[PDB]
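*Asks:* This one is coords.txt, compact mmCIF, C-alpha atoms.
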# COMPACT_ATOMS: atom_id res chain seq x y z
CA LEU A 46 -168.21 19.52 33.73
CA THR A 47 -169.22 18.23 30.30
CA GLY A 48 -172.91 18.09 31.22
CA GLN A 49 -173.12 21.70 32.38
CA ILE A 50 -171.11 22.85 29.35
CA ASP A 51 -173.64 21.18 27.05
CA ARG A 52 -176.56 22.65 29.01
CA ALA A 53 -175.18 26.19 28.79
CA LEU A 54 -174.57 25.78 25.05
CA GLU A 55 -178.25 24.86 24.68
CA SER A 56 -179.30 28.31 25.91
CA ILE A 57 -176.64 30.15 23.87
CA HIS A 58 -177.76 28.89 20.47
CA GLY A 59 -175.49 29.40 17.48
CA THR A 60 -172.03 30.90 17.95
CA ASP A 61 -170.83 34.01 19.76
CA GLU A 62 -168.34 36.66 18.66
CA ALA A 63 -165.66 35.29 21.00
CA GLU A 64 -166.15 31.67 19.88
CA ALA A 65 -165.65 33.00 16.32
CA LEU A 66 -163.32 36.04 16.33
CA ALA A 67 -160.86 33.84 18.23
CA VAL A 68 -161.03 31.25 15.44
CA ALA A 69 -160.53 34.22 13.10
CA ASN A 70 -157.51 35.79 14.81
CA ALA A 71 -155.72 32.42 15.04
CA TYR A 72 -154.58 32.52 11.40
CA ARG A 73 -152.66 35.77 11.95
CA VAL A 74 -150.42 34.24 14.62
CA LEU A 75 -149.57 31.10 12.65
CA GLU A 76 -148.70 33.18 9.58
CA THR A 77 -146.09 35.35 11.33
CA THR B 47 -160.07 42.64 53.63
CA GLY B 48 -159.26 45.11 50.87
CA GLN B 49 -160.84 42.92 48.18
CA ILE B 50 -164.26 43.30 49.81
CA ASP B 51 -163.57 46.99 50.47
CA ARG B 52 -162.51 47.62 46.86
CA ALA B 53 -165.79 46.20 45.54
CA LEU B 54 -167.77 48.33 48.01
CA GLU B 55 -166.29 51.56 46.63
CA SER B 56 -167.32 50.35 43.16
CA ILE B 57 -171.01 50.22 44.13
CA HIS B 58 -171.28 53.69 45.66
CA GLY B 59 -175.01 53.11 46.20
CA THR B 60 -176.19 50.24 48.38
CA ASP B 61 -178.84 47.85 47.07
CA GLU B 62 -182.28 47.86 48.68
CA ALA B 63 -182.31 44.06 48.32
CA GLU B 64 -179.70 43.84 51.08
CA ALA B 65 -181.81 46.25 53.15
CA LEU B 66 -184.86 43.98 52.99
CA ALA B 67 -182.59 41.28 54.41
CA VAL B 68 -182.32 43.15 57.74
CA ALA B 69 -186.11 43.22 57.65
CA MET C 1 -147.39 51.36 26.70
CA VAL C 2 -146.36 48.64 29.16
CA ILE C 3 -149.17 46.11 28.85
CA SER C 4 -149.96 44.31 32.11
CA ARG C 5 -152.10 41.32 33.04
CA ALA C 6 -155.74 41.79 34.14
CA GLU C 7 -155.99 44.81 31.82
CA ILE C 8 -158.79 45.12 29.26
CA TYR C 9 -157.96 46.44 25.79
CA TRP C 10 -159.94 47.02 22.61
CA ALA C 11 -158.52 44.82 19.85
CA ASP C 12 -159.34 44.30 16.17
CA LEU C 13 -160.19 40.59 16.04
CA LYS C 23 -164.26 43.86 14.31
CA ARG C 24 -162.94 45.89 17.24
CA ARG C 25 -163.84 43.94 20.40
CA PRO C 26 -162.47 43.89 23.95
CA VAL C 27 -159.83 41.45 25.18
CA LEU C 28 -158.47 40.58 28.62
CA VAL C 29 -154.70 40.15 28.93
CA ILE C 30 -153.85 36.80 30.52
CA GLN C 31 -150.16 36.62 29.58
CA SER C 32 -147.97 37.08 32.65
CA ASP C 33 -146.21 40.40 33.21
CA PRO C 34 -142.66 38.94 32.85
CA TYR C 35 -143.52 37.98 29.27
CA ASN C 36 -145.34 41.30 28.83
CA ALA C 37 -142.36 43.44 29.90
CA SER C 38 -140.11 41.34 27.62
CA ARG C 39 -139.08 41.83 24.00
CA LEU C 40 -141.67 39.24 22.94
CA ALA C 41 -143.87 40.87 20.31
CA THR C 42 -147.01 38.86 21.18
CA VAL C 43 -149.42 38.78 24.13
CA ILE C 44 -152.02 36.11 24.94
CA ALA C 45 -155.54 37.24 25.83
CA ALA C 46 -159.09 36.02 26.35
CA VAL C 47 -161.91 37.52 24.29
CA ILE C 48 -164.53 39.48 26.25
CA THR C 49 -168.12 39.18 25.03
CA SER C 50 -171.23 41.24 25.75
CA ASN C 51 -173.53 38.17 25.74
CA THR C 52 -174.00 37.84 29.49
CA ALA C 53 -175.74 34.48 28.97
CA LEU C 54 -172.25 33.02 28.41
CA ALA C 55 -171.54 33.52 32.12
CA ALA C 56 -173.41 30.23 32.65
CA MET C 57 -170.67 28.32 30.83
CA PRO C 58 -168.43 26.64 33.45
CA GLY C 59 -165.28 28.70 33.94
CA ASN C 60 -166.45 31.91 32.25
CA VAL C 61 -166.36 35.02 34.43
CA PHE C 62 -168.93 37.81 34.50
CA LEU C 63 -167.63 41.38 34.54
CA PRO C 64 -169.94 44.27 35.47
CA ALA C 65 -169.39 47.42 33.44
CA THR C 66 -169.12 49.37 36.70
CA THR C 67 -165.95 47.33 37.35
CA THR C 68 -164.36 47.15 33.87
CA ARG C 69 -165.07 50.75 32.71
CA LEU C 70 -166.53 49.13 29.58
CA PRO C 71 -169.81 50.33 28.02
CA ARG C 72 -171.94 47.26 28.80
CA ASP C 73 -171.71 44.27 31.12
CA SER C 74 -169.05 41.79 30.10
CA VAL C 75 -168.22 38.08 30.21
CA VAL C 76 -164.71 36.62 29.97
CA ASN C 77 -164.91 33.73 27.49
CA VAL C 78 -162.16 31.44 28.78
CA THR C 79 -162.72 29.13 25.80
CA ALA C 80 -161.87 31.98 23.38
CA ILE C 81 -158.11 32.54 23.68
CA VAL C 82 -156.19 34.71 21.23
CA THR C 83 -152.57 35.68 20.61
CA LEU C 84 -152.27 39.32 19.55
CA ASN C 85 -149.35 41.55 18.65
CA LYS C 86 -148.47 43.99 21.42
CA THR C 87 -149.08 46.80 18.92
CA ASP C 88 -152.63 45.53 18.31
CA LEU C 89 -153.53 46.57 21.87
CA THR C 90 -154.42 50.27 21.74
CA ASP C 91 -157.26 51.34 24.07
CA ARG C 92 -156.41 50.47 27.66
CA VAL C 93 -159.94 50.35 29.07
CA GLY C 94 -159.21 49.37 32.66
CA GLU C 95 -158.03 46.71 35.06
CA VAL C 96 -159.88 43.72 36.51
CA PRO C 97 -159.67 43.43 40.32
CA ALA C 98 -157.62 40.61 41.78
CA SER C 99 -160.74 38.94 43.21
CA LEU C 100 -162.37 38.65 39.78
CA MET C 101 -159.04 37.72 38.17
CA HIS C 102 -158.81 34.80 40.60
CA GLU C 103 -162.12 33.63 39.13
CA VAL C 104 -160.55 34.04 35.69
CA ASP C 105 -157.42 32.18 36.81
CA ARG C 106 -159.58 29.34 38.16
CA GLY C 107 -161.44 29.11 34.85
CA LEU C 108 -158.25 29.10 32.77
CA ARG C 109 -156.77 26.26 34.82
CA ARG C 110 -160.12 24.47 34.48
CA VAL C 111 -160.35 24.67 30.68
CA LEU C 112 -156.61 24.10 30.14
CA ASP C 113 -156.19 21.34 32.78
CA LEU C 114 -153.46 23.18 34.68
CA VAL D 2 -163.12 13.00 19.29
CA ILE D 3 -160.20 15.32 20.01
CA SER D 4 -158.29 14.65 23.23
CA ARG D 5 -155.63 16.65 25.03
CA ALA D 6 -151.91 16.14 24.24
CA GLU D 7 -152.81 15.24 20.63
CA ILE D 8 -151.07 16.92 17.68
CA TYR D 9 -153.12 17.97 14.65
CA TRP D 10 -152.41 19.79 11.40
CA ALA D 11 -154.29 23.09 11.29
CA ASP D 12 -155.07 25.66 8.61
CA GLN D 20 -153.92 33.56 1.75
CA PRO D 21 -153.39 29.92 0.52
CA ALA D 22 -153.55 27.98 3.78
CA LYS D 23 -150.07 27.52 5.33
CA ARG D 24 -150.82 24.39 7.36
CA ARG D 25 -148.90 24.16 10.63
CA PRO D 26 -149.00 21.72 13.56
CA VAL D 27 -150.75 22.40 16.87
CA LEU D 28 -150.83 20.73 20.29
CA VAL D 29 -154.23 20.46 22.00
CA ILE D 30 -154.10 22.07 25.45
CA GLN D 31 -157.85 22.36 26.09
CA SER D 32 -158.93 19.98 28.84
CA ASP D 33 -160.72 16.77 27.89
CA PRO D 34 -163.98 17.71 29.72
CA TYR D 35 -164.26 20.75 27.45
CA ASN D 36 -163.15 18.65 24.47
CA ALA D 37 -165.79 15.92 24.92
CA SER D 38 -168.48 18.63 25.21
CA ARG D 39 -170.67 20.30 22.59
CA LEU D 40 -168.26 23.27 22.64
CA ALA D 41 -167.39 24.02 19.01
CA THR D 42 -163.90 25.39 19.76
CA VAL D 43 -160.65 23.85 21.01
CA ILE D 44 -157.65 25.70 22.48
CA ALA D 45 -154.18 24.77 21.26
CA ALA D 46 -150.53 25.81 21.32
CA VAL D 47 -148.73 26.35 18.01
CA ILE D 48 -145.91 23.92 17.19
CA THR D 49 -142.97 25.44 15.31
CA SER D 50 -140.04 23.85 13.49
CA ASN D 51 -137.58 26.57 14.60
CA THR D 52 -135.82 24.60 17.33
CA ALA D 53 -134.05 27.80 18.40
CA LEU D 54 -137.36 28.77 20.01
CA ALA D 55 -136.70 26.05 22.61
CA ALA D 56 -134.41 28.62 24.24
CA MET D 57 -137.45 30.79 24.98
CA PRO D 58 -138.51 30.07 28.59
CA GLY D 59 -141.49 27.75 28.90
CA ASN D 60 -141.20 26.33 25.38
CA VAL D 61 -140.90 22.55 25.09
CA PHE D 62 -138.75 20.74 22.55
CA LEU D 63 -140.29 17.77 20.74
CA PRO D 64 -138.10 15.20 18.94
CA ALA D 65 -139.41 14.02 15.58
CA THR D 66 -138.96 10.44 16.80
CA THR D 67 -141.56 11.29 19.48
CA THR D 68 -144.08 13.43 17.57
CA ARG D 69 -144.13 11.55 14.21
CA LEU D 70 -143.68 15.01 12.64
CA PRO D 71 -141.30 15.65 9.72
CA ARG D 72 -138.69 17.69 11.62
CA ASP D 73 -137.90 18.26 15.27
CA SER D 74 -140.44 20.55 16.89
CA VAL D 75 -140.84 23.13 19.65
CA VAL D 76 -144.13 23.90 21.38
CA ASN D 77 -144.39 27.70 21.52
CA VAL D 78 -146.41 28.23 24.71
CA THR D 79 -146.61 31.94 23.85
CA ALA D 80 -148.51 31.14 20.62
CA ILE D 81 -151.98 29.93 21.65
CA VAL D 82 -154.91 29.76 19.22
CA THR D 83 -158.59 28.83 19.36
CA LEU D 84 -159.64 26.68 16.40
CA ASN D 85 -162.91 25.08 15.37
CA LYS D 86 -163.09 21.40 16.28
CA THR D 87 -163.94 20.61 12.65
CA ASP D 88 -160.67 22.14 11.43
CA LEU D 89 -158.74 19.30 13.12
CA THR D 90 -158.89 16.16 10.95
CA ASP D 91 -155.42 14.60 10.50
CA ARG D 92 -154.24 13.48 13.95
CA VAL D 93 -150.43 13.38 13.91
CA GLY D 94 -149.87 11.82 17.32
CA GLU D 95 -149.93 12.20 21.09
CA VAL D 96 -147.35 13.84 23.36
CA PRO D 97 -146.00 11.72 26.25
CA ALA D 98 -147.15 12.58 29.76
CA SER D 99 -143.63 13.54 30.84
CA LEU D 100 -143.27 16.18 28.11
CA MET D 101 -146.85 17.36 28.64
CA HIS D 102 -145.84 18.09 32.23
CA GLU D 103 -143.17 20.34 30.72
CA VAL D 104 -145.89 21.88 28.54
CA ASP D 105 -148.07 22.34 31.63
CA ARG D 106 -145.11 23.96 33.40
CA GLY D 107 -144.58 26.34 30.49
CA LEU D 108 -148.28 27.18 30.13
CA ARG D 109 -148.64 28.05 33.82
CA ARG D 110 -145.55 30.25 33.50
CA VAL D 111 -146.79 32.40 30.61
CA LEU D 112 -150.39 32.51 31.88
CA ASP D 113 -149.49 33.16 35.55
CA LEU D 114 -151.39 30.11 36.80
CA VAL E 2 -192.49 21.84 48.18
CA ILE E 3 -189.48 24.11 48.64
CA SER E 4 -186.19 22.57 47.51
CA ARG E 5 -182.63 23.87 47.53
CA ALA E 6 -181.20 25.74 44.50
CA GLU E 7 -184.72 26.94 43.64
CA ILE E 8 -185.50 30.64 43.15
CA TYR E 9 -188.75 32.01 44.60
CA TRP E 10 -190.44 35.38 44.76
CA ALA E 11 -190.69 36.59 48.36
CA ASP E 12 -192.92 39.16 50.01
CA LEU E 13 -191.02 42.44 50.45
CA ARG E 24 -191.44 41.47 46.05
CA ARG E 25 -187.86 40.30 45.52
CA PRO E 26 -186.27 37.00 44.46
CA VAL E 27 -184.46 34.63 46.82
CA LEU E 28 -182.30 31.54 46.31
CA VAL E 29 -182.98 28.67 48.71
CA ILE E 30 -179.75 27.69 50.48
CA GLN E 31 -181.31 25.69 53.33
CA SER E 32 -180.64 21.99 52.83
CA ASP E 33 -183.46 19.82 51.53
CA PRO E 34 -183.72 17.75 54.77
CA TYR E 35 -184.63 20.92 56.66
CA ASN E 36 -186.81 22.02 53.72
CA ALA E 37 -188.89 18.82 53.63
CA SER E 38 -189.43 19.14 57.39
CA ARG E 39 -192.21 20.79 59.38
CA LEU E 40 -189.82 23.66 60.16
CA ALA E 41 -191.69 26.87 59.39
CA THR E 42 -188.56 28.69 58.18
CA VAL E 43 -186.33 28.37 55.12
CA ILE E 44 -182.91 29.99 54.72
CA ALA E 45 -182.16 31.91 51.53
CA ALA E 46 -179.74 34.37 49.97
CA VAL E 47 -181.15 37.60 48.57
CA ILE E 48 -180.96 37.92 44.78
CA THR E 49 -180.39 41.46 43.51
CA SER E 50 -180.69 43.01 40.06
CA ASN E 51 -177.69 45.32 40.64
CA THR E 52 -175.11 43.35 38.65
CA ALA E 53 -172.37 45.60 40.07
CA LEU E 54 -172.52 43.41 43.20
CA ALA E 55 -170.83 40.65 41.17
CA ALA E 56 -167.55 42.39 42.08
CA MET E 57 -168.11 41.24 45.67
CA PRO E 58 -165.83 38.22 46.26
CA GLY E 59 -168.39 35.66 47.43
CA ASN E 60 -171.30 36.82 45.27
CA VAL E 61 -172.32 34.82 42.19
CA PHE E 62 -173.72 36.25 38.95
CA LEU E 63 -176.86 34.69 37.46
CA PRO E 64 -177.93 35.42 33.87
CA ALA E 65 -181.66 35.86 33.33
CA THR E 66 -181.49 33.22 30.59
CA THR E 67 -180.47 30.79 33.38
CA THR E 68 -182.79 31.82 36.24
CA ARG E 69 -185.95 32.59 34.19
CA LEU E 70 -185.99 35.90 36.08
CA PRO E 71 -186.82 39.21 34.35
CA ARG E 72 -183.34 40.80 34.50
CA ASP E 73 -179.81 39.57 35.11
CA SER E 74 -179.19 38.61 38.72
CA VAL E 75 -176.44 38.38 41.35
CA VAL E 76 -176.60 36.16 44.44
CA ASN E 77 -175.52 38.33 47.39
CA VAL E 78 -174.06 35.73 49.75
CA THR E 79 -173.60 38.39 52.46
CA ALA E 80 -177.37 39.05 52.53
CA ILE E 81 -178.86 35.87 54.01
CA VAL E 82 -182.46 35.68 55.23
CA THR E 83 -184.69 33.30 57.16
CA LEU E 84 -188.23 33.45 55.77
CA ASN E 85 -191.43 31.62 56.57
CA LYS E 86 -192.20 28.98 53.96
CA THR E 87 -195.55 30.68 53.23
CA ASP E 88 -193.78 33.87 52.08
CA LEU E 89 -192.44 31.92 49.06
CA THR E 90 -195.09 31.92 46.33
CA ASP E 91 -193.80 32.02 42.72
CA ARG E 92 -191.18 29.36 41.95
CA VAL E 93 -189.21 31.00 39.14
CA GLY E 94 -186.67 28.29 38.39
CA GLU E 95 -183.61 26.37 39.51
CA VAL E 96 -179.92 27.30 39.43
CA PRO E 97 -177.67 24.69 37.75
CA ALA E 98 -175.33 22.69 39.97
CA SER E 99 -172.29 24.33 38.37
CA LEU E 100 -173.49 27.81 39.34
CA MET E 101 -174.72 26.52 42.71
CA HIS E 102 -171.22 25.18 43.37
CA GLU E 103 -170.02 28.77 42.99
CA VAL E 104 -172.78 29.81 45.41
CA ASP E 105 -171.66 27.15 47.89
CA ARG E 106 -168.06 28.39 47.60
CA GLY E 107 -169.18 31.93 48.42
CA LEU E 108 -171.30 30.83 51.38
CA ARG E 109 -168.47 28.78 52.88
CA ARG E 110 -166.16 31.75 52.24
CA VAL E 111 -168.33 34.36 53.96
CA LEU E 112 -169.37 31.98 56.77
CA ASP E 113 -165.89 30.43 57.26
CA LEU E 114 -167.04 26.87 56.61
Will you turn the file into structure tokens for me?
*Replies:*
Amino acid sequence: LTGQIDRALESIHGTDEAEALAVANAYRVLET
Amino acid sequence: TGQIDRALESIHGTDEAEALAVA
Amino acid sequence: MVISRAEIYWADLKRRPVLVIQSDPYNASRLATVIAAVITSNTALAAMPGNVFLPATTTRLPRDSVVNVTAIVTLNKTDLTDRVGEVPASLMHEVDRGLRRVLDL
Amino acid sequence: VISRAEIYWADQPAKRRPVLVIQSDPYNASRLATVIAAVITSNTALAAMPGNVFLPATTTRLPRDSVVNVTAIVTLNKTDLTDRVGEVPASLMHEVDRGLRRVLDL
Amino acid sequence: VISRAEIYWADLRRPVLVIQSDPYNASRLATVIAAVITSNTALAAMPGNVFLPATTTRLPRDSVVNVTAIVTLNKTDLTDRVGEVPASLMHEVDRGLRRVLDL
């Protein structure tokens, strides 16, 4: 599992909207 | 077999790749 | 609107699509929040183990989609506005498999 | 190296709150930059909500008694988790697994 | 040397994914079994079928393995080796093949 995850992340360089906007939205839940 | 049938209605047009298979 | 699982909504996360993964019992309840997975348009993310590709012809979305099972969000039920469409049970089984994979369930 | 069942403190100001790692260890030990977690509250009344799991302070090393809110799931950057509070026993993580499968229909 | 999980261009030109096992591939058998790869991503709604991003296959466009379209080709009809499908995506392909073939 780990190996294929790393391999796929090599193609998708940087960070995607989902891998970020999720980290963004998280703060709203914890605040409420 | 509805699951297969549901997806078939989604692709109203059949792919010519599957046709070449018969060939 | 009675939000149900497997449905795709547009959500301000930057309006982007989300896939409801919270079960319908919790959805039809007085709980104000719903859990969802973020849907991306970067189809290359379908190579990531567990992620699920979604063709636009299936989702009613503009472009082809990928369920990012590593991007999980908790949104207010009011934050879900545009009900785009529903994901078939065969593709949601792929989503369910991925969620159990990434969450060890 | 973040592992499952571990409790971390997570971040206008900041309002730091505790979280329980639910992302599987294969995905944790990978180059994936994000980790999935369930929010830990101090409102023990939320243990009445179905699926939620109560956590005694003698077990978590947290200040007060805690409740894992399986309906509050967040995705955080792996770098945001620094101060490791502790690890949840396997018997209570089975309760967490039971709750998570309930709310996620898994 | 045709090996499993490899994608080749096949004479109609369309791509194919080798599903025949490597023992039969490394043999003098003149045929190799493959699943037809389409560019109609809408076929990813089919239960057994497996989506393949072009960034993964090295193919021109995004791809979908149609596990219900299986072919037996002569080994000479395979000319351009495009690339190989990772074992994680090939596990999904194997699941579809066993599903459609009841194996």
*Asks:* Using all atoms listed in the file, determine which residues lie at most 12 Å from region 58-61 of chain A, disregarding the query and same-chain residues fewer than 6 positions distant; provide the list as a list in words.
*Replies:*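 Near region 58-61 of chain A, the qualifying residues are residues 51, 52, 67 and 68 of chain A; 47, 48, 49, 50, 51, 52, 53, 54, 75, 77, 79 and 80 of chain C; 39, 40, 41, 42 and 85 of chain D; 66 of chain E.
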*Asks:* Quick one: everything within 8 Å of residue 92 (chain C), counting all atoms listed in the file, minus sequence neighbours fewer than 2 positions away in the same chain. Send it as a tab-separated table (two decimals) with C-alpha atoms, in the frame of the given file.
*Replies:*
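Output saved as around_5.tsv:
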chain	number	residue	atom	x	y	z
C	7	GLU	CA	-155.99	44.81	31.82
C	8	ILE	CA	-158.79	45.12	29.26
C	9	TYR	CA	-157.96	46.44	25.79
C	10	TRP	CA	-159.94	47.02	22.61
C	89	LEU	CA	-153.53	46.57	21.87
C	90	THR	CA	-154.42	50.27	21.74
C	94	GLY	CA	-159.21	49.37	32.66
*Asks:* Would you kindly return, as a short mmCIF file (atom, residue, chain, number, x, y, z; two decimals) with C-alpha atoms, in the frame of the given file, each protein, DNA or RNA residue with an atom no farther than 7 Å from any atom of residue 46 (chain A), considering all atoms listed in the file and excluding same-chain residues fewer than 3 positions away?
*Replies:*
data_model
loop_
_atom_site.label_atom_id
_atom_site.label_comp_id
_atom_site.auth_asym_id
_atom_site.auth_seq_id
_atom_site.Cartn_x
_atom_site.Cartn_y
_atom_site.Cartn_z
CA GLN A 49 -173.12 21.70 32.38
CA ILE A 50 -171.11 22.85 29.35
CA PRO D 34 -163.98 17.71 29.72
#
*Asks:* Taking (-141.1, 19.7, 8.2) in the file's own coordinates, collect the residues within 10 Å, counting all atoms listed in the file, and hand them back as a short mmCIF file (atom, residue, chain, number, x, y, z; two decimals) with C-alpha atoms, in the frame of the given file.
*Replies:*
data_model
loop_
_atom_site.label_atom_id
_atom_site.label_comp_id
_atom_site.auth_asym_id
_atom_site.auth_seq_id
_atom_site.Cartn_x
_atom_site.Cartn_y
_atom_site.Cartn_z
CA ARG D 25 -148.90 24.16 10.63
CA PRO D 26 -149.00 21.72 13.56
CA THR D 49 -142.97 25.44 15.31
CA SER D 50 -140.04 23.85 13.49
CA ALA D 65 -139.41 14.02 15.58
CA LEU D 70 -143.68 15.01 12.64
CA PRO D 71 -141.30 15.65 9.72
CA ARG D 72 -138.69 17.69 11.62
CA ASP D 73 -137.90 18.26 15.27
CA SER D 74 -140.44 20.55 16.89
#
*Asks:* What does the distance from CA of residue 84 (chain C) to CA of residue 44 (chain C) come to in Å, to one decimal?
*Replies:*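 These atoms are spaced 6.3 Å apart.
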*Asks:* Distance CA of residue 68 (chain C)-CA of residue 67 (chain B), one decimal place?
*Replies:*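 One can read the CA of residue 68 (chain C) to CA of residue 67 (chain B) distance as 28.1 Å.
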*Asks:* Identify all chain E residues at most 10 Å from chain B by counting only C-alpha atoms; ligands do not count. Present them as a list in words.
*Replies:* residues 12, 13, 24, 25, 26, 27, 45, 46, 47, 48, 49, 50, 51, 52, 53, 54, 55, 56, 57, 58, 59, 77, 78, 79, 80, 81, 82, 83 and 84 of chain E
*Asks:* Which is closer to residue 36 (chain C) than all the others in C:55, C:87, C:13, C:65, using all atoms listed in the file?
*Replies:*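 Checking each of C:55, C:87, C:13, C:65 against residue 36 (chain C), counting all atoms listed in the file, the winner is C:87.
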*Asks:* Counting only C-alpha atoms, which residues from chain A have an atom at most 7 Å from any atom of chain C, and could you show them as a ChimeraX atom specification?
*Replies:* /A:49-50,53,57,62-64,66-67,70-71,74
*Asks:* Export C-alpha atoms of the chosen residues as a CSV table (one decimal), in the frame of the given file?
*Replies:*
chain,number,residue,atom,x,y,z
A,49,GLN,CA,-173.1,21.7,32.4
A,50,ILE,CA,-171.1,22.8,29.4
A,53,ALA,CA,-175.2,26.2,28.8
A,57,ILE,CA,-176.6,30.2,23.9
A,62,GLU,CA,-168.3,36.7,18.7
A,63,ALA,CA,-165.7,35.3,21.0
A,64,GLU,CA,-166.2,31.7,19.9
A,66,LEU,CA,-163.3,36.0,16.3
A,67,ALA,CA,-160.9,33.8,18.2
A,70,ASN,CA,-157.5,35.8,14.8
A,71,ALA,CA,-155.7,32.4,15.0
A,74,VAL,CA,-150.4,34.2,14.6
*Asks:* Could you check how far CA of residue 10 (chain D) sits from CA of residue 64 (chain D), in Å to one decimal?
*Replies:*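 It comes out at 16.8 Å.
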*Asks:* Kindly indicate which residue among D:82, D:89, D:46, D:112 lies nearest to chain A, using all atoms listed in the file for the distances.
*Replies:*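 The shortest atom-to-atom distance to chain A comes from D:82.
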*Asks:* Need the shell around residue 38 (chain C): protein/DNA/RNA residues with any atom at most 12 Å away, counting all atoms listed in the file. Skip same-chain ones fewer than 5 positions apart. Format as JSON, numbers by chain?
*Replies:* {"C": [2, 3, 4, 31, 32, 33, 43, 86], "D": [57, 58, 111]}
*Asks:* Could you tell me which of C:98, C:93, C:63, C:108 comes closest to chain B if we count only C-alpha atoms?
*Replies:*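 Using only C-alpha atoms, the shortest distance to chain B belongs to C:98.
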*Asks:* Please return, as a list in words, all residues of chain D lying within 9 Å of chain C when all atoms listed in the file are considered.
*Replies:*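 Listed by rising number, the hits are residues 30, 31, 32, 33, 34, 35, 40, 42, 43, 44, 79, 80, 81, 82, 83, 105, 106, 108, 109, 110, 111, 112, 113 and 114 of chain D.
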*Asks:* Residues within 8 Å of residue 31 (chain E), please, as a list in words. Count only C-alpha atoms; anything in the same chain fewer than 3 positions from it doesn't count.
*Replies:*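 Here the answer would be residues 5, 35, 36, 43, 44 and 45 of chain E.
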*Asks:* With 8 Å as the limit and counting all atoms listed in the file, what residues in chain E lie close to chain A? Please list them as a ChimeraX atom specification.
*Replies:* /E:66-67,97-99
*Asks:* Write the residues you've just listed into a file as a PDB file, in the frame of the given file, and include C-alpha atoms for each of them.
*Replies:*
ATOM      1  CA  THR E  66    -181.490  33.220  30.590  1.00  0.00           C
ATOM      2  CA  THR E  67    -180.470  30.790  33.380  1.00  0.00           C
ATOM      3  CA  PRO E  97    -177.670  24.690  37.750  1.00  0.00           C
ATOM      4  CA  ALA E  98    -175.330  22.690  39.970  1.00  0.00           C
ATOM      5  CA  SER E  99    -172.290  24.330  38.370  1.00  0.00           C
TER       6      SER E  99
END
